[PDB]
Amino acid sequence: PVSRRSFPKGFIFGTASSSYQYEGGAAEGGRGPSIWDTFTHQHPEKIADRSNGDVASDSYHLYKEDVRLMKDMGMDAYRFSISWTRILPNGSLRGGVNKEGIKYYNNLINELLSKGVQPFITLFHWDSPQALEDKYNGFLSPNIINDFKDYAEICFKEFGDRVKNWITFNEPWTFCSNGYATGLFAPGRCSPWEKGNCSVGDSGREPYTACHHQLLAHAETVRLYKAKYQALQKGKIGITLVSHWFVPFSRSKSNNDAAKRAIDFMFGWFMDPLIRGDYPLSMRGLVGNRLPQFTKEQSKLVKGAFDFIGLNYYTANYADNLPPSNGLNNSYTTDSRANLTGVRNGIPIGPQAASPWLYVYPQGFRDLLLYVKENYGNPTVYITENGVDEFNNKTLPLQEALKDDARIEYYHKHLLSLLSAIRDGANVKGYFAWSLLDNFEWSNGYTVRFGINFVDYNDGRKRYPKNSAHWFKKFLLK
């Protein structure tokens, strides 16, 4: 049976977390508010259970238990994020550096290393400073670049002596599409007719502006890291990107081209600038002047601006051709001219998890990795997120809640799929499971549980290993 020993020597296995989802202590230790603090408190109706990340999984206090839990399993590495507003409470240098915030992450990093766990740090996992949102609309302004760069530099200076793996942005696709196209995530911006029924926004322009600025802030940060830090600290810097696998709705060329446009808009949006120096052709053609243009100098900067790419995979969609709109309802969601579904002829592409967007389709994992291999020059890849969820069920006894056989099944099949892709030449160096603990699942709150370990929110955030924790322990032997 598949184990760590099936994988190449030195292959890294870990779990993944994020600051807002895990930490809590939201107004503690000098932490400033982020856009997710604001979104959750000011728009509780946008969250399934009207909840927030004030306490979350309380990892701000309980991080030592987290490290113990992952060490028990035999994890090599931990993917976590730093809260921007823990370090810079109002987003900028001039607003002051929070020493207490630096202390917490030093304590976390030191605890991890004392137990032989390598820290992988995401700089931006969506908890953008509210003060910069108020000041200049955050990522909608080119002002965000320098503020992010200043924030990143503090992190390199304070932590880079021990941290050798950096990720700038987590899934800019999700941040921009849900935050500015549908308006379902913070900062909750969209066109009036879009899903979020937002008071402010433009779903056909703002997603592209926000993500253009992220690509620029990323490339600037990579450059800065390589120029001032990489020589003496000898770490690696990358970016985390998400993609579904897209199955053509039918075998027609039209639906095959729709599947190609689907991946271009979700994934190529960031990959093409990183590999080829410009946005995908389909994006430039279809979006036109609503898509920002890189200057020759900016194109030079973004191209090759990485040591690795973090790759996230969860599910697959069917892609069906959409006729032009062709009109006054322009939105990133429809701009691809590809209609995305998880069901065809009343049959779901795979078994549906607790998240309605999550269909279990392990075959697409291999398919995506081989697509990246053949179409992007087979770059160094870490799987930075892969996982599945069950419903939070208050009626179930604890012992039945810990029996997550569906999670075991999910990981077994995906790791096999990953292994076959590696054996067929995919340049994959590591794998991170989402998630170590149950946590705040954004617009779903605490209604769904992604964790390998259970968190009892009603009993002081006590952690209990699920059956999958024991499974990973066996898997990770040696």
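So that there is no doubt, residue numbering starts at 1 and follows the sequence shown.
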Is the mean CA B factor in the deposited entry higher across 311 to 319 or across 286 to 294?
286 to 294
As the entry reports it, the stretch among 391 to 399 and 105 to 113 with higher mean C-alpha B factor is 391 to 399
Please pick out which of 214, 178, 255, 386 has the largest Cα B-factor as recorded in the entry.
255
Out of 119, 160, 348, 129, which one has a C-alpha B factor higher than all the others in the entry?
348
Would the CA B-factor of residue 125 place it in the lowest, middle or highest third of its chain?
lowest
Residue 420: C-alpha B-factor third of its chain, per the entry, is the highest
Position of residue 77 among the chain's modelled residues by C-alpha B-factor, lowest, middle or highest third
lowest
For residue 241, the third of its chain into which the C-alpha B factor falls:
lowest
Taking the chain's C-alpha temperature factors as the reference, tell me which third residue 300 falls into: lowest, middle or highest.
highest
